[PDB]
Amino acid sequence: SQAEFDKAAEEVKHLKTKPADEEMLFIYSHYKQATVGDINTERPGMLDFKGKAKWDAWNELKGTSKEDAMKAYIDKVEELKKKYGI
């Protein structure tokens, strides 16, 4: 059906600690691409400060091989799972 990806996701979005913007970004961007696809949300407007980046990082992908997005997402999440975990 699926791999460990939604798992990676599921875990990461809960984590004891809330990952740094970039950690969240990688995850986010890739998940969003692997799942939703091509940043179809749009770039921020009000308290942009800690949002933009997520937008941009996902955007940066906008068309990556979804599968890769998953692989990568998990393949990298490990760090979060080792640093933050549930």
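Residues numbered from 1 in each chain as written, not as in the entry; some residues may be left out. Heavy atoms only, no water.

Under the PDB entry, the name given to the protein chain is ACYL-COENZYME A BINDING PROTEIN, and the organism recorded is Bos taurus. The protein chain has a UniProt comment under Sequence similarities that states "Belongs to the ACBP family." (UniProt positions renumbered as here; feature names shortened; annotations may be inferred.)

Novice: Describe in detail helix α2 (residues 21-35), supporting the description with residues and values.
Specialist: Here α2 is 15 residues long and its end C-alpha atoms lie 20 Å apart, about the 21 Å a rise of 1.5 Å per residue gives. Among all positions in α2, only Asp-21, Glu-23, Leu-25, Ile-27, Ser-29, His-30, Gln-33 and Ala-34 are buried. Buried residues along α2 sit in contact with α1 (5-12), α3 (52-59) and α4 (66-83). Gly-37, located one to two residues past α2, shows a positive phi value of around 120°. (Helix = DSSP H or I, 4+ residues; strand = E, 2+ residues; numbered from the N terminus. Expected span 1.5 Å × (residues − 1). Buried < 20%, exposed > 50% of the residue type's maximum accessible area, 1.4 Å probe, protein only. Contact = heavy atoms within 4.5 Å.)

Novice: Summarise the side chain of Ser-29; cite the residues concerned and give the values.
Specialist: Within the secondary structure layout, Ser-29 lies in helix α2. With a relative accessible area of 1%, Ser-29 lands in the buried category. In terms of polar contacts, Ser-29 uses its side chain to reach the backbone carbonyl oxygen of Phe-26, at 2.4 Å. The contact partners of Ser-29, leaving out residues within four places of it in the chain, are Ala-57, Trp-58 and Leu-61. (Polar contact = N/O pair within 3.5 Å; in protein donor to acceptor, adjacent residues only side chain to side chain.)

Novice: Go over the packing of aromatic side chains, please, and point to the residues and values.
Specialist: In total, this model carries four aromatic pairs according to the counting rule given. Considering the side-chain rings of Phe-5 and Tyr-31, the 4.9 Å spacing of their centres and the 5° angle between planes classify their relative orientation as stacked. Of this pair, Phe-5 sits in helix α1 while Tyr-31 sits in helix α2, and the two are 26 residues apart along the sequence. Judged by its relative accessible area of 0%, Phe-5 is buried. Aromatic pair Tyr-28 and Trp-58: ring centres 5.3 Å apart, planes at 85°, arrangement edge-to-face. (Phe/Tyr/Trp six-rings, centres within 6.5 Å; stacked < 30°, edge-to-face > 60°.)

Novice: An account of unusual backbone geometry is needed here, citing residue identities and associated values.
Specialist: Positive phi values are uncommon outside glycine, yet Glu-42 reaches one of about 100°. Relative to the helices and strands, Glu-42 resides in the loop between α2 and α3. Judged by relative accessible area, which is 63%, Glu-42 ranks as exposed.

Novice: Talk me through the UniProt feature "binding site: an acyl-CoA" in the protein chain; I want residue IDs and the actual numbers.
Specialist: Per the UniProt record, the feature "binding site: an acyl-CoA" sits at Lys-13, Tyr-28, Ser-29, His-30, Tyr-31, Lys-32, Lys-50, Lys-54 and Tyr-73. Within the annotated group, the residues that form the lining of the largest pocket are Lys-13, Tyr-28, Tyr-31, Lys-32, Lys-54 and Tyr-73. Here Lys-32 is to be found in helix α2. Dropping the residues within four chain positions of it, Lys-32 is found in contact with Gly-37 and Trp-58. Following the sequence through the fold, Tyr-73 ends up in helix α4. The contact partners of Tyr-73, leaving out residues within four places of it in the chain, are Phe-5, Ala-8, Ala-9, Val-12, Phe-26, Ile-27, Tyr-28, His-30, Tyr-31 and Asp-68. (1 Å grid on protein atoms, 1.4 Å probe; cavity = no way out; pocket = protein on both sides within 12 Å on 5 of 7 lines; lining within 4 Å.)

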